[PDB]
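Asker: Here is the sequence, then the experimental structure:
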Amino acid sequence: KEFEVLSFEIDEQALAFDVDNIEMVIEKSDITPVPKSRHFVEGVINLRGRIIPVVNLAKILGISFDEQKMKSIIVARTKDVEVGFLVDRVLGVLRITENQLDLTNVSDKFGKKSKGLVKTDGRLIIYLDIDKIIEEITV
Amino acid sequence: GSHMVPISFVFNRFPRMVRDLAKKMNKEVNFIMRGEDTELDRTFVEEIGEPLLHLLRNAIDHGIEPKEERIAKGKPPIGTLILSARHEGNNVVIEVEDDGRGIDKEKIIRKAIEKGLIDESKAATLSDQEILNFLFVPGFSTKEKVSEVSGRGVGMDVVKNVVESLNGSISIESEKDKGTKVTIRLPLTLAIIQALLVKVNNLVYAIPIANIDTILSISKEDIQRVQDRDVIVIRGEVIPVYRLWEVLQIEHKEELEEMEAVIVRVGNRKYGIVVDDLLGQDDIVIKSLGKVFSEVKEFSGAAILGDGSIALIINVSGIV
Ligand SMILES: Nc1ncnc2c1ncn2[C@@H]1O[C@H](COP(=O)(O)OP(=O)(O)NP(=O)(O)O)[C@@H](O)[C@H]1O
């Protein structure tokens, strides 16, 4: 009954995904834009010779948004899909657990997009559901 | 078209990375590379790279056995790592071979069961190979994710993913105490198309030469607006033309004085794309851009220009 999770920020707003799928976190450099494209995706980058789509988490959620601050992309891979989430910076992996995990999943505004909201040392760490949010983007 | 390149290009970083991964483990390895000139598509060199290094690593990490344990099994002290490449039909073949502790299919099956993935009677209709394919199946190596989380890399499921993304494929061949040998086969001829690389504000786009009727170099005046449409005339014939930035609503200075107008044909109709500058002709490999973009009609894929910058590929018929 022990969680491990990758946690990051968005203009001081903490969140986290499950390291289960997190592939890696590259430092955002250049992001070639894809014209006339669903505005919640900032474009595509070249990762080790393959083309990866960099979606903007801050915008996909609808939160504190500012660009010259977001310097980290969280590449993740599902069964068939691969995406890069752009966020301000990643604090890193964290060891969370049942006791620490709280659940007022009816509390946060973004429905299923985010599982329960957990806290540690008095923090607003929202536990987002990757495999789900990504599926929200693909389909 | 001479898109190929000798595999040396990827193989030379290795003889050294091998020599070092040995020290960081005290294993004595006689690394051999053979076929260090087998030409494979210009592309592969950047992707095929990490997977091979990974394989290369395993051998030295798990495969090759430490001196002692090695003399104990009556195997010369010095292990053997072999990186080879060759052509075998319509494919390029790259294999990483060693004579280490093997892969012991017997327990890989067990593990395969305890993870409720295979029935016990069913697991008999397997060939040593497929047994090993489990080695790929996601998280079939527990670990923890960490080393991978963001550190020194971990996982084959990817190595497979990669070679599979290259329309290729791979297999493992192993027997306990007789080393292992992974075999990657990539295609020898790709879906290469010829296109004119065209620019629009340091954004690069590509137009299949296979549709280009003729290219012209016009001025920001030759484009005359009728009622709505914008057209140009060439030795009579009026040819409708689209300003690429506007077609893609792209923040644009305004427009220089001089430009270029690519005139392409689709079925029975012809028109023209207006751009800032020509970049040149080239052979690119059309790579699709995820599902996060399926919807976008204007582009029929993307490509990785040599210098490593991406260039979206224009879909003649997809534009208005
Ligand atoms: N050449 C080999 N020799 C011996 N064992 C191998 C070889 N290749 C693969 N294996 C075994 O297959 C299992 C995993 O392969 P894979 O998922 O690619 O790597 P890993 O072992 O999980 N990660 P790392 O521990 O960083 O190398 C390993 O844990 C080994 O026990």
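Answerer: Sure, I can see it. Numbering: from 1, shown residues only, chains lettered A, B, ... in the order given.
Asker: Which residues of the stretch 1-150 of chain B lie near chain A?
Answerer: Counting by Cβ under 8 Å from any Cβ of the partner chain, the residues of the stretch 1-150 of chain B lying close to chain A are B:43, B:46, B:47, B:49, B:50, B:144, B:145, B:146, B:148, B:149, B:150. No exception for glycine: its C-beta is placed from N, CA and C like everyone else's.
Asker: can I get these in CSV with neighbour count, secondary structure and distance to residue B:69?
Answerer: Output for the residues of the stretch 1-150 of chain B next to chain A, formatted as CSV (neighbours: other Cβ atoms under 10 Å in any protein chain shown; DSSP: H, G, I helix; E, B strand; the rest coil; distance: Cβ to Cβ, whole Å):
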residue, neighbour count, secondary structure, distance to residue B:69
B:43, 21, coil, 41
B:46, 16, helix, 37
B:47, 19, helix, 35
B:49, 18, helix, 31
B:50, 15, helix, 29
B:144, 12, coil, 26
B:145, 20, coil, 29
B:146, 13, helix, 27
B:148, 17, helix, 28
B:149, 17, helix, 31
B:150, 19, coil, 33
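Asker: how about those residues, which pair is most distant?
Answerer: B:43 and B:144 (33.3 Å; Cβ to Cβ).
Asker: ok, the residues of the stretch 1-150 of chain B next to chain A vs residue A:57, which is closest?
Answerer: Distance to residue A:57 across the residues of the stretch 1-150 of chain B next to chain A (Cβ to Cβ) is lowest for residue B:150, with 17.3 Å.
Asker: I'd guessed that closest one sits against residue A:25; true?
Answerer: Yes - using Cβ atoms under 8 Å, residue B:150 makes contact with residue A:25 at a distance of 5.5 Å.
Asker: list the buried ones in stretch B:276-289?
Answerer: Of all the residues in stretch B:276-289, those buried under the rule 16 or more other Cβ atoms under 10 Å in any protein chain shown are B:276, B:279, B:282, B:284, B:285, B:286, B:287, B:289.
Asker: Would you mind trimming the residues you listed to those in range of the ligand?
Answerer: Applying Cβ under 6 Å from any ligand atom, the subset of those adjacent to the ligand is empty.
Asker: Make a markdown table out of these and add distance to chain A and secondary structure.
Answerer: Shown next, in a markdown table, are the buried residues of stretch B:276-289 (distance: Cβ to the nearest Cβ, whole Å; DSSP: H, G, I helix; E, B strand; the rest coil):
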| residue | distance to chain A | secondary structure |
| --- | --- | --- |
| B:276 | 14 | coil |
| B:279 | 15 | strand |
| B:282 | 17 | strand |
| B:284 | 12 | strand |
| B:285 | 11 | strand |
| B:286 | 11 | coil |
| B:287 | 6 | strand |
| B:289 | 6 | coil |
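Asker: Any chance you could list what contacts the host helix or strand of residue B:16?
Answerer: Using DSSP states H and E, residue B:16 sits in helix B:14-23. Residues from elsewhere that reach helix B:14-23 (Cβ atoms under 8 Å, 6 or more residues apart in numbering or on different chains): B:28, B:29, B:31, B:33, B:52, B:53, B:56, B:57, B:60, B:61, B:81, B:83.
Asker: can you pick the most crowded of these?
Answerer: Within the contacts of helix B:14-23, most neighbours by other Cβ atoms under 10 Å in any protein chain shown means residue B:81, with 26 neighbours.
Asker: Would you confirm that that one belongs to a strand?
Answerer: Yes - Residue B:81: assigned to a strand according to DSSP: H, G, I helix; E, B strand; the rest coil.
Asker: quick one, phi/psi of the residue of the stretch 101-250 of chain B found nearest chain A?
Answerer: Nearest to chain A in the stretch 101-250 of chain B, going by Cβ to the nearest Cβ, is residue B:248, at a distance of 3.2 Å. Per-residue torsions, residue B:248: phi -120, psi 10 (degrees, to the nearest 10).
Asker: picking up where we left off before, now flag whichever of the contacts of helix B:14-23 is closest to residue B:108.
Answerer: Among the contacts of helix B:14-23, and counting by Cβ to Cβ, the member closest to residue B:108 is residue B:61, at 17.2 Å.
Asker: if I pick that closest one, what's in contact with it?
Answerer: B:21, B:25.
Asker: Please narrow the contacts of helix B:14-23 to those residing in helices.
Answerer: Under the assignment DSSP state H, these contribute B:52, B:53, B:56, B:57 to helices.
Asker: out of these, who's nearest the ligand?
Answerer: residue B:57 (6.0 Å; Cβ to the nearest ligand atom).
Asker: what's the closest non-adjacent residue to the closest one?
Answerer: Nearest-residue entry for residue B:57: residue B:21, 6.1 Å, with adjacent residues in sequence omitted and distances by Cβ to Cβ, 6 or more residues apart in numbering or on different chains.
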